[PDB]
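Chains as they are written, first to last, in the entry's author numbering: chain B, 93 to 165, 168 to 292, 301 to 432; chain f, 6 to 55, 70 to 103, 118 to 146, 163 to 193, 207 to 289, 297 to 382, 387 to 489, 493 to 699, 714 to 728, 739 to 754, 773 to 804. Each residue gets a CB set at the ideal place from its N, CA and C atoms; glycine is no exception.
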Amino acid sequence: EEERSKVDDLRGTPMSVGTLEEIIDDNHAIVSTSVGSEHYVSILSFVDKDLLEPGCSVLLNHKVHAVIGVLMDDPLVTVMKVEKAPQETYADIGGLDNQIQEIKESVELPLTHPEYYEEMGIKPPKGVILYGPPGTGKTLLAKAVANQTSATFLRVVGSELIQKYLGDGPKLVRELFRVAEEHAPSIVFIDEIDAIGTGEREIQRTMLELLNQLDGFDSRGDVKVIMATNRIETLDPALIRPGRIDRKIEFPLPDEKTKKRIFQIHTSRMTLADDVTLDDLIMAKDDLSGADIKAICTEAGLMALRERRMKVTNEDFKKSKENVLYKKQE
Amino acid sequence: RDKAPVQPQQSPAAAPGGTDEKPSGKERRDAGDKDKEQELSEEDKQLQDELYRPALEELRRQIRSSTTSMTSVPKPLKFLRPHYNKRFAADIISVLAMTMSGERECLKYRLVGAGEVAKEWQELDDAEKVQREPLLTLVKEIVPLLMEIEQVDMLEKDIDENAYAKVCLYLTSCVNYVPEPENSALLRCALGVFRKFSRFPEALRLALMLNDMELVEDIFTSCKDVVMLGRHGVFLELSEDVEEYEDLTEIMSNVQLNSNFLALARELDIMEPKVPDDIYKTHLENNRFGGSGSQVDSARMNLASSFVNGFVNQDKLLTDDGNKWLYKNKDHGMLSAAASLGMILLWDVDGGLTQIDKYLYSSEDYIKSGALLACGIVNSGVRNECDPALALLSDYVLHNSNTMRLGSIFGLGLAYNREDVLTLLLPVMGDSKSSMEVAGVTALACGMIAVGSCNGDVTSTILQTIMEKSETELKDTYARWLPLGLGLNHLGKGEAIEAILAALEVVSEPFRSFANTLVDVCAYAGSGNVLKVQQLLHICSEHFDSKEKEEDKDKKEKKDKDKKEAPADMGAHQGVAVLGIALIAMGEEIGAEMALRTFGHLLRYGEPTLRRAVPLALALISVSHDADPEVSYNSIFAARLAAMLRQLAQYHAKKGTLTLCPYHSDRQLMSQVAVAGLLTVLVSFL
């Protein structure tokens, strides 16, 4: 007890918060600060030195800077990926059965059903790269959700996490590569790829460095990376040959029949009236994804649920359809 | 409507005003009233009033049941003796008589210990058999034998709803919330109604719980009368325990009507369908015998290659990869590799003699001792392989029959239930050799012979091993593995006072108090006895750091069914022994992602015993995500036990006592490698 309450002199008044740079195998690490002060001191207790993941903020002192403790960082990583297993499988959507069996056969052959993968002796651990004209996570998450049935998943949506802060660099990509290293049986999903589309000179070098570390120059077959953008013309031609090496496919235009199937899937569990017609619903829409029709299915089920009824009448589903007609025109 | 015309009618206490006003209350009693029966302050004089007094009692119990009461509601009905699909009968009978007769049976069941409550219970039984809303009135009438005439009075045509629903949730809440004797009423009455009905395999589970000799007879003359066959012989032999197989083969050898139940009663017809069908439709890869048989070295990973080699019993290449592989191996590996031929020859009974005969009567005593171990493992019903070992038995210090006693007595206990194995085991335990595994495989042998016995015998067998247990207080490993067999004899029942008899003649210095707490472990297979759960939390903080491990390790056996309460804050503590208690208490279940998380946190540790004993349950609970923990151990290690045990985790990856005894005996790995010579002969694996 006294030995536990005797190191209080180091963590007392002379205490600071620094940024550690790296750990040296010679039991003396190098730290930094706003002016970059490098002090090497033999390690102390309360530190892990293994899960610390150097390159983050640690605790320093006004003394010789003996490391007395650490502080966890980035709660921002929590909003990166989902850890749940949704019930949406590859058999819940139709029409693109070949388009979904191309990626299912593409990334579900490694690490699962390995007699057609390890006996051949190819191992292209790169995965396909897709793009959805509707986007907004509906089609791209309806194709990536096939891998989410029984497996670990890794999700990355939007290039904002690189542009919402100072140019720290590819260190966050190194965090995704170390969590993918410690989580090898996973699927890397990059969504809303608009790095160059949205300083600007550093975005090109952290994007080309993203291509460098994404190529896997030192790592063996560890994880299948699946990228997903919105516009194929925003990506430079240099990000294609190193990144996309397995296969790519095209997605048809969802005008009437794909919106009819999306409407059927979004209206399969719900109960609708007999007078609810389909031609006006697949007619009034114009280049719409599934998030807004899911929004009017939610507010239509709640609005119809106001009368303590689960049946959605035709006039109430057109009254909710006015949100679709207005939102895309606004 | 308004109470203007009918309100001044209940105030007159005259007999005609009651005999005409009360029928109007029965007419308007279809929905009770227009309100919550606020007329209590006006009918409280009718309470004291009395021609149609049973109607006054009916309306009185109607209003008292309507607003609130705990004891005064069913009195007008036990005194009334009611004689005078609508909404009236549904309201006044269904819910009002549901809670009414429920609180009457509860108050009369807890207060006093005549027949009026039985007449009410049968009347409500019939009325709620007409109501046809199941499991509500049932789940209320559980606690009131009367349940026998209730089930045989109800189980006539509704079989799927009462059997599936009532037996499912009433059996779950009958092992969870109901004590033992009423569960025995479930077993006997379920033997009745299920004997008169179909679905024999659930009655066979009622034989897994009853362990009675009549159920198998009636289900074999009825299953024989009702015409696959080898399949129900397979799970027939799986569901049966050590007693009713021996008794089953002696009653079927007493009847000998067809000898097909004699053929199915042994291990031959449970293995002859499996092996060819497994070799045909499944094709295991050779990259794990060549790979996992190639990265081995240091004379220990090679032992892990003898165990992975023992996994085959399709491909028998690593088995028949020439010779000298056992000659290069040391004693700790001569016994294990000697038993590898027994692990790889679980089938091919006739071939076992011509495969093991080459190593029999050899020059090294351990080669032929482990060869007799193989002869004991390969067979369990042939009983024609243990003649030479059982013959001599005469060394009294050491001549090939203390090690041949290890392999032949252990493998014979695995293949054991006659007295004329214990009349010969009397000089075995009476020998008192310095070798631990002599009394080890002796107590485990007779213990596995005495599992599931007729409530447990306290004869000179366990009395002899207790007296000779307390003979000398040296090599306390004897005190660690003799309570193993003691508990194997105490196993099979919880209510017995035999554990308190051990608390009488056993209690001593904390060695035999640890014996007594092992008897406490195995003498509490499981029931509704939360008293030992709060007592578990009370004695959980004992200074002795081993009775915590075993007595707290009993968690996986006590609450083995209700797995929602098994996860607790044992990992949040600071004692490494508790981390072992949870780590072993994970189990060998289907291995949900929560368990894989508990191994994702328990895996990272610094002690070689916990990091050594994590992959056993980690890969036992998961037999996609199978290769990730192996890569994790490759990243942690790259000691010897971690590499041999991670290759043994490559072995593991790719309510009977036979699946409970081996690992509970295996909970002694924190010692010399002598225990690891008994590690290679586990039988709990599938």
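If you pair each beta-carbon of the stretch 589–596 of chain f with each one of the stretch 613–628 of chain f, do three or more pairs fall below 8 Å? yes
Report buried or exposed for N119(B), applying the criterion of at least 16 other Cβ atoms within 10 angstroms of its Cβ. As a position in the first sequence, residue 119(B) is number 27, starting the count at 1. When all chains shown are included, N119(B) counts as exposed.
Quick check on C230(f): buried or exposed, where buried means 16 or more other Cβ atoms within 10 Å of its Cβ? For the purposes of this step, residue 230(f) is identified with residue 168 of the second sequence, where counting begins at 1. With fewer than 16 other Cβ atoms within 10 Å, it is exposed.
With 7 Å set as the bound, which would you pick, yes or no: does the beta-carbon of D718(f) sit closer than that to a beta-carbon of chain B? Numbered from 1 along the second sequence, position 628 holds the residue referred to as residue 718(f). Answer yes: the Cβ-Cβ gap between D718(f) and chain B drops below 7 Å somewhere.
8 Å Cβ shell around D394(B) - same chain, five flanking residues per side excluded: Working through the first sequence from its first residue, we reach residue 394(B) at position 292. Excluding sequence neighbours, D394(B) sits near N425, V426, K429 and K430.
Is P780(f) buried or exposed, if buried means 16 or more other CB atoms sit within 10 Å of its CB? Position 662 of the second sequence, counted from the first residue, corresponds to residue 780(f). Label assigned to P780(f): buried.
How would you label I334(B), buried or exposed, when you count the other beta carbons within 10 angstroms and need 16 or more for buried? Residue mapping note: residue 334(B) aligns to position 232 of the first sequence, counting from 1. The residue is exposed, with fewer than 16 neighbouring Cβ atoms inside 10 Å.
Kindly indicate which three-state DSSP category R249(B) falls into: helix, strand or coil? Within the first sequence, the letter at position 155 stands for residue 249(B). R249(B): strand per DSSP, three-state reduction.
Our contact map puts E669(f) next to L696(f) with C-beta atoms below 8 Å; I'd like the distance itself, whole angstroms only. Counting from one through the second sequence, the residue named residue 669(f) turns up at place 593. Counting from one through the second sequence, the residue named residue 696(f) turns up at place 620. Rounded, the Cβ-Cβ distance is 16 Å, inconsistent with contact.
Residue interval of the alpha helix (DSSP H) (run including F98(f)): Your numbering for residue 98(f) matches position 79 in the second sequence. Here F98(f) belongs to no alpha helix (DSSP H), and DSSP marks it neither H nor E.
Could you please give the first and the last residue of the uninterrupted alpha helix (DSSP H) stretch that includes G110(B)? As a working mapping, residue 110(B) is identified with position 18 in the first sequence. Not the alpha helix (DSSP H): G110(B) falls in the beta strand (DSSP E), residues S108 to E114.
Could you work out which residues of chain B lie near residue 296(f), taking near to mean beta carbons separated by less than 8 Å? For chain f, the structure lists 289 followed at once by 297, and that leaves residue 296(f) out of the model.
Please identify, using Cβ separations under 8 Å, the residues of the stretch 584–604 of chain f that lie next to chain B, in order along the chain. none
Of the listed residues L163(B), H277(B) and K155(B), nearest to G147(B) (C-alpha basis): Reading the first sequence from its first residue, position 55 is the one you call residue 147(B). Nearest C-alpha to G147(B): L163(B).
Find the residues of chain B that neighbour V721(f), judging by a C-beta separation of less than 7 Å, and give them in chain order. Within the second sequence, numbered from 1, the residue matching residue 721(f) stands at position 631. What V721(f) touches in chain B: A278.
Do the stretch 365–375 of chain f and the stretch 399–418 of chain f make contact, defined as three or more Cβ pairs closer than 8 Å? yes
Among the candidates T798(f), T90(f), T87(f) and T86(f), whose CA atom is the shortest distance from the CA of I450(f)? As a first step, residue 450(f) is located in the second sequence; it is residue number 377 there, counting from the start. For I450(f), the nearest C-alpha among the options comes from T798(f).
Given this structure, state the Cα-to-Cα distance separating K431(f) from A526(f), to the nearest angstrom. Residue mapping note: residue 431(f) aligns to position 358 of the second sequence, counting from 1. Residue mapping note: residue 526(f) aligns to position 450 of the second sequence, counting from 1. Computed Cα separation, rounded: 34 Å.
Backbone secondary structure at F283(B) - three-state DSSP: Residue 283(B) sits at position 189 when you count from the first residue of the first sequence. DSSP places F283(B) in strand when its eight states are reduced to three.
Considering only the alpha carbon of each residue, which of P243(f), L305(f) and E242(f) lies closest to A269(f)? The count along the second sequence starts at 1 and reaches residue 269(f) at position 207. Of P243(f), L305(f) and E242(f), the residue nearest in Cα terms is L305(f).
Check this for me: beta carbons of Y723(f) and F376(f), under 7 Å apart or not? Here residue 723(f) is taken as the residue at index 633 of the second sequence, counted from 1. Here residue 376(f) is taken as the residue at index 307 of the second sequence, counted from 1. Contact: no.
Secondary structure, alpha helix (DSSP H): runs of 4+ residues fully inside the stretch 392–426 of chain B: 392–407
Looking only at C-alpha atoms, which of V159(B), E275(B) and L224(B) sits nearest to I351(B)? Your numbering for residue 351(B) matches position 249 in the first sequence. When only C-alpha atoms are compared, the closest one is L224(B).
To the nearest angstrom, report how far apart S84(f) and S91(f) are at their CA atoms. Taking the first residue of the second sequence as 1, we reach residue 84(f) at position 65. Taking the first residue of the second sequence as 1, we reach residue 91(f) at position 72. Roughly 9 Å between the two C-alpha positions.
When you compare only the Cα positions, how much space is there between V240(f) and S137(B)? Taking the first residue of the second sequence as 1, we reach residue 240(f) at position 178. Taking the first residue of the first sequence as 1, we reach residue 137(B) at position 45. Their backbone Cα atoms lie some 52 Å apart in a straight line.
Would you call the stretch 230–241 of chain B in contact with the stretch 190–203 of chain B, where contact means no fewer than 3 C-beta pairs closer than 8 Å? yes
Rounded to the nearest angstrom, what separates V188(f) and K754(f) at their Cα positions? Position 139 of the second sequence, counted from the start, is the residue given in the question as residue 188(f). Position 654 of the second sequence, counted from the start, is the residue given in the question as residue 754(f). If you take the alpha carbons of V188(f) and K754(f), they lie about 45 Å apart.
In the DSSP output, what is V150(B) paired with across the bridge? For this step, residue 150(B) is matched to residue 58 along the first sequence. DSSP lists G110(B) and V162(B) as partners of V150(B).
What are the boundary residues of the beta strand (DSSP E) that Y225(B) is part of? For the purposes of this step, residue 225(B) is identified with residue 131 of the first sequence, where counting begins at 1. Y225(B) -> beta strand (DSSP E) spans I223 to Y225.
Might you give, ordered along the chain, the residues of its own chain that have their beta carbon closer than 7 Å to the beta carbon of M271(f), omitting 5 neighbours on each side? Indexing the second sequence from 1 puts residue 271(f) at position 209. Here the set comprises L249.
Where DSSP assigns a beta bridge to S124(B), which residues make up the other side? In the first sequence, the residue the question calls residue 124(B) occupies position 32. The partner list for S124(B) (beta bridge, DSSP) reads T111(B).
Terminal residues of the beta strand (DSSP E) in which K631(f) lies: Here the question's residue 631(f) lines up with position 555 in the second sequence. Segment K631 to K634 is the alpha helix (DSSP H) holding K631(f); no beta strand (DSSP E) there.
With a CB to CB cut of under 8 Å and the five nearest residues on each side skipped, what residues in its chain are close to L446(f)? Taking the first residue of the second sequence as 1, we reach residue 446(f) at position 373. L408, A411, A412, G415, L479, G480, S481, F483, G484 and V799.
Inter-residue CB distance, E210(f) and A247(f) (contact presumed, cutoff 8 Å): If you number the second sequence from 1, residue 210(f) lands on position 148. If you number the second sequence from 1, residue 247(f) lands on position 185. Confirmed, about 7 Å.
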